[PDB]
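# Tertiary structure, described
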Amino acid sequence: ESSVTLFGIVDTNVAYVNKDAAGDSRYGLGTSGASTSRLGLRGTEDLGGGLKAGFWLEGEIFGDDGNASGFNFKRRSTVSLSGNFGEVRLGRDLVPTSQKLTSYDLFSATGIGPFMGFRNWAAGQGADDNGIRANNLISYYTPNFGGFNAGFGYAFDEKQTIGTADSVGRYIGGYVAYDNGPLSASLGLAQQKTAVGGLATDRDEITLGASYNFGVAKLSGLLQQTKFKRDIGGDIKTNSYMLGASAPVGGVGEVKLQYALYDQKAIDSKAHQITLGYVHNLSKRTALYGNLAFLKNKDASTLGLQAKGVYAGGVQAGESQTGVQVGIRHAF
Amino acid sequence: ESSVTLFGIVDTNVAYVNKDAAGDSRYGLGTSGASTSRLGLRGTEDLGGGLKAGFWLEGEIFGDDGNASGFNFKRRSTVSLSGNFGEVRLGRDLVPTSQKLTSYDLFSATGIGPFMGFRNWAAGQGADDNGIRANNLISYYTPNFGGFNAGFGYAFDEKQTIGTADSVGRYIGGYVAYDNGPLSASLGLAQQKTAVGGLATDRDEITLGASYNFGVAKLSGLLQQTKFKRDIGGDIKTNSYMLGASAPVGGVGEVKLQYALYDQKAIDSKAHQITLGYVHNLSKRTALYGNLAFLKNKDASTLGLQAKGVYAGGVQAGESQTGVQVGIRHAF
Amino acid sequence: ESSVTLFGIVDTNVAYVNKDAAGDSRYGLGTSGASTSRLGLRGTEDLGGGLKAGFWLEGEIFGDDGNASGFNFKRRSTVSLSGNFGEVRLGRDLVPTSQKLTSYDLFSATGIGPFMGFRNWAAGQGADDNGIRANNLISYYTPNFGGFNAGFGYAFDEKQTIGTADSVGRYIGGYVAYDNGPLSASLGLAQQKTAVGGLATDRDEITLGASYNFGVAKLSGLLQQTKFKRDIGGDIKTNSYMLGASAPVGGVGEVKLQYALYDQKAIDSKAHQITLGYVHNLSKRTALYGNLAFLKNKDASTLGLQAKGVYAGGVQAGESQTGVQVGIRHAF
Amino acid sequence: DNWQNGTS
Amino acid sequence: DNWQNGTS
Amino acid sequence: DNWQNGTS
Ligand SMILES: [Ca+2]
Ligand SMILES: [Ca+2]
Ligand SMILES: [Ca+2]
Ligand SMILES: [Ca+2]
Ligand SMILES: [Ca+2]
Ligand SMILES: [Ca+2]
Ligand SMILES: [Ca+2]
């Protein structure tokens, strides 16, 4: 029951957005429209008695530029022990809140279509103020007993200091969930320490997600409140909402539709997004895909679609933006 | 018919040049004298009906310093589909013009001996103003039908802006060729967008190559004109010529001789180069090799031999430079 | 007799030191407490007649941050030929003096416990003024004949210039040794070229090491003098001493104890260190471990324990520092 | 162990 | 699939 | 050749 695996995904696309921050269209070769491109090594070693040791080293691939800024293992770099008690992991990884709750996003938290809640709404100065991953992380995942399951993590700040914050990067968080196969629901809660403009700030996040797979189609949704609360007073609060559906089409095909709303209280502005996706499987490993998204900013909102490798910046206040990605995803 | 391959080459050498830009000799441990040192992963997946999906991730290795500046996949990072129609590749790679035409260089476009035509003659400000590789590349390669074959590529600029150039990095190019085994000939044409001193400039390149393998020996040659044409007027034009021969010696050995001329019109100066090479195969994977080169600059020319990892800068105007590399190439 | 191997170690820990350079405690998730975390590829190719070609590419892994500063092959990036004559290696590696003499350190030259002699005592300006590895290295290792064995290396400076030093990075060095299984003893001598404050300086190092494995326990020790001798006059001289013992405990366990003294003549100050270690093997590949160290600085000495990934800086002059690491080491 | 791909 | 070297 | 792990 021991093995070692070298694996990855190259997902590269052509992409277009009709406007950038100057109002000009952009198009080009981008990446990671259907799944994040990656390269990794992992293993499991059977130690006897149901105890296993694991490792996992994974970094993002950027096929449009050959990883010009250098390859790393920032997606995951863990060592773990697992057994009938669950699993304990040490190292950089998705924090438990994002690992579990991003599963409700039908666009796999990548490309132009996905839920944007896990983002740095306040221009926090920490390394991971999108709430997705943490350095210096220890996590514990329970088994699933009768559907119920939970995860918990703590990431050490190691006295990282920015301005009046001397614990930048601390994470404490976890979730409780129910997963029985067709039905899934989770509640996550997390706090990170950060700074905004050099002033100590808490990043507080509460997230609820649920889905039901009817077989002929799946319904999924997310609700999140993210609040950056500055110690001396003041807060940047965002409420993010998403509902989506996916369905198999003709064997080999899949259609996806997601709607999202981002209510950015600090600028009293909303943005709305609608994304349509299609995936056509040539094999279990190889798919062609297309995404089409429409993002409507109101008032002072300046959110932009995330066409990785082409354009992922903002747009002018109150502008609507259209984006398209067409590509190929190849897993190995 | 599916597979995955982890592969590479470590080619490390001792090297010497008798002068640098100050007129002093340099010697040391360098790399990539016979083949470029590399590490890569590639795969082919049989999809049925003659259709295949591929990936290829490859970066250069620098064995003298342990890749001190960080490992990347800048040599190639593609995903592809191939079939009876030919092959389409997405991602950073050699552009079709260089991929095909560099095959005529008997020194494998590496070390002190190779053809220097694919270089940044004008101090263009783009990432790839040597015309070798491009970011954001899509390429199409035909099958070989009755000898005839062709390749075409387009690389997106993605509005990269330097001074008055707002399409830096664009490539459009291709070749037509005839290859029947012993005889090979190709004509390549390409244009890149760039800037020189912040002023928009086209990099235009036309290249002809041919070779014939007699078995007892092979004759090969290249002719190229590279013109950097500035939009407001003015141009830096270089005509590059090479003729070479190689022959097996005693089973296990190979001797190579190449002569080149670089006519640098913007400085009204020529440089001439003669390189002798020997390769001694210990196995199909492992070879010992030696290169000896003599580069004569005339007038204002300051070209230097490319002893990678020891010295690859220029020399004083009108100086002649001698270089030597002795090393080992090990493929895996 | 040919093979290719992809291998590594993930060693990640929680660690604590009671003081940093400001006198504050630090704790966090660190790495490499029992063995240095690494990822590598190596191979051996049988060429016939007892001749073999090898390659070895290895870089450090930082599991707490996912190699955030980028992955490289700075631990070793060699190609080699070996045979009944011994072995010749080209490329960045441990220099022969450190490769052989660090074997006497019971803490595997990593974590908070190890011998600190191989360090940059003088704030030399070279890349490798700890005397551990070199760029541009050629090494020759003899066979072991009747116990006796030796190693020699030369690393090219390649005219690296810092201030008045124009041969920065040069190494010349080697060792003689006797190794019969239970008994080991070695004498190493080395000189590097460097600069201190922009002034040319020789780094001279002489090291003696010995050990005896009684089976029930092993005794090991090191003696070293490192002298940075500035060409215009003046020197920073350090005498480093270590004695240690290890013993198996209960099958599966191992206890280690090491004492060291660093006599820093330039500041007329000593530091003393005592480290206790335990390793508990869950398998041949997976171990849990703990290290406990106490470092006492006297007078002007400011040495700190090396809790990699948590805190590895100095402490206030004359302060004592306590450190702990607890972790897991998983080899693959 | 021999290194396997992602799909085993 | 098992990962192969360059020469298969 | 097929790629092996560290312990062969
Ligand atoms: Ca793991
Ligand atoms: Ca791009
Ligand atoms: Ca490919
Ligand atoms: Ca070098
Ligand atoms: Ca080697
Ligand atoms: Ca890197
Ligand atoms: Ca850390």
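- Judging from the entry metadata, X-ray crystallography is the method by which this structure was determined, and 1.500 Å is the reported resolution.

### A few points about the overall build of chain A
- Secondary structure summary: chain A contains one helix and 19 strands in total.
- Whereas a compact globule of 332 residues would reach a radius of gyration of roughly 20 Å, chain A reaches 20 Å, a difference of no more than 12%.
- Taking the principal axes of its C-alpha atoms as reference, chain A extends roughly 60 × 55 × 40 Å.
- Going through the 332 residues of chain A one by one, you find that 56% of them count as buried.
- Considering only contacts in chain A between residues 6 or more positions apart, those separated by 24 or more positions represent 55%.
- Here chain A contributes 31 positive and 29 negative side-chain charges, whose respective centroids are spaced 3 Å apart.

### Concerning the interface of chain A and chain C
- Counting from both sides, the interface comprises 28 residues of chain A and, opposite them, 32 residues of chain C.
- Of the roughly 2400 Å² buried between chain A and chain C on both sides combined, carbon and sulfur atoms contribute 69%.
- At the boundary of chain A and chain C, one finds two salt bridges.
- Taking the shortest distance from any N to any O, the salt bridge between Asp24 of chain C and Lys159 of chain A comes out at 3.2 Å.
- Across the chain A-chain C interface, the total number found is 13 residue pairs in polar contact.

### So, the pairing of strand 3 (residues 38-48) of chain B
Residue and element names in this part refer to chain B.
- One ladder, built from seven bridges, connects strand 1 (residues 3-17) with strand 3; its direction is antiparallel. Along strand 3, the bridge assignment pairs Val4 with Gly43.
- One ladder, built from 10 bridges, connects strand 3 with strand 4 (residues 51-60); its direction is antiparallel. Bridge pairing in strand 4 links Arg38 to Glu60.
- Hairpin remark: strand 3 followed by strand 4, antiparallel, with two residues in the connecting loop; positive phi at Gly49, about 60°.

### Digging into the coordination of the calcium ion (ligand 2)
- Listed as protein donors to the calcium ion (ligand 2) are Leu29 of chain A (O), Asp64 of chain A (OD), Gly309 of chain A (O), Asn136 of chain B (OD1), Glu158 of chain B (OE) and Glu158 of chain B (OE); their distances from the metal cover 2.3 to 2.5 Å.
- Here the calcium ion (ligand 2) binds six donor atoms, and the angle range of 53 to 172° at the metal identifies the geometry as irregular. Taken together, the residues span two chains, with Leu29 of chain A in strand 2 (residues 26-31) and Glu158 of chain B in the loop between strand 10 (148-155) and strand 11 (171-179).
- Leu29 of chain A gets classed as buried once you look at its relative accessible area, which sits at 0%.
- Among the residues examined, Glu158 of chain B registers a relative accessible area of 13% and is labelled buried.

### Quick look at a nonpolar patch on the surface
Residue and element names in this part refer to chain A.
- Together, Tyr16, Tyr27, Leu257, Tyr259, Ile274, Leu276, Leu292, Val324 and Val326 line one region of the surface with nonpolar side chains, adding up to about 780 Å² of accessible area.
- Sorting the residues of the nonpolar patch by element identifies strand 16 (253-264), strand 17 (269-281) and strand 19 (320-331) as the ones contributing at least two each.
- Residue position: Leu257 is located in strand 16.

### Comments concerning the relation of the copies chain A and chain C
- Between the two copies, chain A and chain C, the superposition gives an RMSD of 0.0 Å; the rotation angle is 120° and the shift along the axis is 0.0 Å. In symmetry terms, the pair is related by a three-fold rotation axis.
- Interface residue correspondence from chain A to chain C reaches only 7%, placing this contact among heterologous pairings that use different surfaces.

### Concerning the interface of chain C and chain B
- Facing 28 residues of chain C, the contacting portion of chain B comprises 32 residues.
- Roughly 2400 Å² of surface becomes buried between chain C and chain B when both sides are summed, with 69% attributable to carbon and sulfur atoms.
- Joining chain C to chain B, the criterion identifies two salt bridges.
- A salt bridge links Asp20 of chain B to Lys159 of chain C, with the nearest nitrogen and oxygen atoms 2.6 Å apart.
- Counting across the interface, chain C meets chain B through 13 residue pairs in polar contact.
- Looking at the side of chain C that touches chain B, the elements with two or more residues in it are strand 1 (3-17), strand 3 (38-48), strand 4 (51-60), strand 5 (76-83) and strand 9 (137-141) of chain C.
- For the side of chain C that touches chain B, a count of residues per class yields 16 nonpolar, seven polar and five charged.

### Focus on the pairing of strand 17 (residues 269-281) of chain C
Residues and elements named next belong to chain C.
- Pairing of strand 16 (residues 253-264) with strand 17 involves 12 bridges; the strand directions are antiparallel. Counterpart to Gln258 in the pairing with strand 17 is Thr275.
- Where strand 16 hands over to strand 17, the hairpin turn is made up of four residues, of which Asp268 adopts a positive phi near 45°.
- Here strand 17 pairs with strand 18 (residues 286-297) via 11 bridges, running antiparallel. Counterpart to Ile274 in the pairing with strand 18 is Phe294.
- Counted along the chain from strand 17 to the antiparallel partner strand 18, the turn is four residues long.

### Description of the packing of aromatic side chains
Residues and elements named next belong to chain B.
- The tally for this structure, following the rule as stated, stands at 42 aromatic pairs over all chains.
- Where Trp121 meets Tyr262, the ring centres are 5.8 Å apart and the plane angle is 40°; that geometry is what we call tilted. Of the two residues, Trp121 sits in the loop between helix 1 (96-101) and strand 8 (133-134) while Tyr262 sits in strand 16 (residues 253-264), which places them 141 residues apart along the sequence.
- The class for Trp121 is buried, based on a relative accessible area of 12%.
- For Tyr262, a relative accessible area of 0% corresponds to the buried category.

### Here's the deal with the nonpolar core
- One finds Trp3 of chain D, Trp3 of chain E together with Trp3 of chain F to be the most contacted residues of the largest nonpolar core, which totals 60 residues.
- In this structure, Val17, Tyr104, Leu295 and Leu303 of chain A belong to the second largest nonpolar core, which totals 24 residues.

### A look at the environment of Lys227 of chain A
All names here are of chain A.
- As for its position among the elements, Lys227 is in strand 14 (residues 218-230).
- The spatial distance from the C-alpha of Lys227 to the C-alpha of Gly33 is 29 Å, given a sequence separation of 194 residues.
- Not counting chain neighbours up to four residues away, the residues in contact with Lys227 comprise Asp202, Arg203, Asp204, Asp235, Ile236 and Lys237.

### Observations regarding the pattern of salt bridges
- One pass over the structure, following the stated rule, counts 57 salt bridges over all chains.
- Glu205 of chain A is paired through a salt bridge with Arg203 of chain A; the nearest N and O atoms lie 2.9 Å apart.
- Judged by its relative accessible area of 2%, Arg203 of chain A falls in the buried class.
- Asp179 of chain B is paired through a salt bridge with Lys100 of chain B; the nearest N and O atoms lie 2.9 Å apart. Pair noted here: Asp179 of chain B is in strand 11 and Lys100 of chain B is in helix 1, with a separation of 79 residues, a long-range link.
- Linked by salt bridges that have partners in common, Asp20, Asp24 and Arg26 of chain A together with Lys159 of chain B make up one network.

### Considering unusual backbone geometry
All names here are of chain C.
- Residues other than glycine seldom take positive phi values, yet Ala123 does so here, at roughly 55°.
- Here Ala123 lies in the loop between helix 1 (96-101) and strand 8 (133-134).
- Here the phi dihedral of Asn136 falls at roughly 65°; this positive angle occurs in a residue that is not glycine.

### Some details on the side chain of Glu87 of chain C
Residue and element names in this part refer to chain C.
- Locating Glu87 in the fold gives a position in strand 6 (residues 86-90).
- In this structure the side chain of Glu87 is engaged in a polar contact, spanning 3.0 Å, whose partner is the side chain of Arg89.
- If we ignore the near neighbours within four places in the chain, the residues touching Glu87 are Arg76, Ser80, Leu81, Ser82, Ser139, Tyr140 and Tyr141.

### Focus: the environment of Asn135 of chain B
- You can see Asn135 of chain B is positioned in the loop between strand 8 and strand 9 (137-141).
- Note: C-alpha distance between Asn135 of chain B and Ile162 of chain B (27 residues apart in sequence) is 16 Å.
- Discounting residues that sit within four places of it in the chain, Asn135 of chain B has contacts with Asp64 and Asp65 of chain A together with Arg92, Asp128, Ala155 and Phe156 of chain B.

### What to know about the environment of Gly169 of chain A
- Mapped onto the secondary structure, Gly169 of chain A falls in the loop between strand 10 (148-155) and strand 11 (171-179).
- If we ignore the near neighbours within four places in the chain, the residues touching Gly169 of chain A are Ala155, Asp157, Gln160 and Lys193 of chain A.

Thresholds, definitions, all that
- Residues numbered from 1 in each chain as written, not as in the entry; some residues may be left out.
- Chains lettered and ligands numbered in written order.
- Heavy atoms only, no water.
- Helix = DSSP H or I, 4+ residues; strand = E, 2+ residues; numbered from the N terminus.
- Rg over C-alpha atoms; globule rule 2.2 N^0.38 Å.
- Buried < 20%, exposed > 50% of the residue type's maximum accessible area, 1.4 Å probe, protein only.
- Contact = heavy atoms within 4.5 Å.
- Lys, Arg positive; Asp, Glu negative; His and termini not counted.
- Charge placed at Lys NZ, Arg CZ, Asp CG, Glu CD.
- Buried area = accessible area lost by both parts, 1.4 Å probe.
- Salt bridge = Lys/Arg side-chain N within 4 Å of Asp/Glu carboxyl O.
- Polar contact = N/O pair within 3.5 Å; in protein donor to acceptor, adjacent residues only side chain to side chain.
- Pairing = 2+ DSSP bridges.
- Donors = N, O, S within 2.8 Å, 3.2 Å for Na, K, Ca; no water.
- Tetrahedral: all angles 85-135°; square planar, octahedral: opposite > 155°, others 65-115°.
- Patch = residues over 30% accessible without salt bridge, like charges linked within 9 Å, V, L, I, M, F, W, Y side chains within 5 Å.
- Areas by Shrake-Rupley, 256 points an atom, 1.4 Å probe, with all protein chains shown as cover.
- Least-squares fit on C-alpha atoms.
- Nonpolar A, V, L, I, M, F, W, Y, C, P; charged D, E, K, R; others polar.
- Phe/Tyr/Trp six-rings, centres within 6.5 Å; stacked < 30°, edge-to-face > 60°.
- Core = buried A, V, L, I, M, F, W, Y, C linked by side-chain atoms within 4.5 Å.

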